[PDB]
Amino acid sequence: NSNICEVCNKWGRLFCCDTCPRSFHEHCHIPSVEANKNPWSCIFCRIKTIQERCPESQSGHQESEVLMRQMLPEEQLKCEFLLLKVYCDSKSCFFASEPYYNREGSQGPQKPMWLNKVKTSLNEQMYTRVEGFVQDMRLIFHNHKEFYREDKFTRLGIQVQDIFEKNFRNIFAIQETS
């Protein structure tokens, strides 16, 4: 296996996937790595396995259909993997922990949101539909855009939002369009 966590790229205490060569710190992997499980497989393998067992699940879907799906075990896993793909981009540090808002000319967001909040809200089965998870991830980036106004630090929202959307279309097989 690899010598650096797949998500964060650093060495440390790691756990190795038994089916693929990736490796993970405990709370870098989503869900957080399970006690025993021998063999273990990772969320990269377990998403793969879904596609292989139902190849038509890679056919195009409409975002409206995808959002209204209940958060059954397989939609839970996709939301868990989609989130993990955002933590993989180093610019996710800016959105990880709780934010505070004190800038001249700006007011903070009516509803704050951050990546560890959404992580915990996934872990705690607080979302019933995919619409729930998506609406939070999109609030993270819409709050940042409105708060940092014309300052060039806005862009980091746009960049980590682009990483989100692209993996959303991939993982949920949204119908490609121009």
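Residues carry their position along the shown sequence, with the first being 1.
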Of 28-36 and 140-148, the one with larger mean CA B-factor
28-36
Between 19-27 and 164-172, point out the one with the higher average CA B-factor as the PDB entry records it.
19-27
Please pick out which of 90, 76, 97, 107 has the largest Cα B-factor as recorded in the entry.
107
Which listed residue, 113, 130, 54, 43, has the largest C-alpha temperature factor in the record?
54
Binned into thirds over the chain's modelled residues, the C-alpha B-factor of residue 58 lands in the highest
Sorting by Cα B-factor within the chain, modelled residues only, which third would residue 48 end up in: lowest, middle or highest?
highest
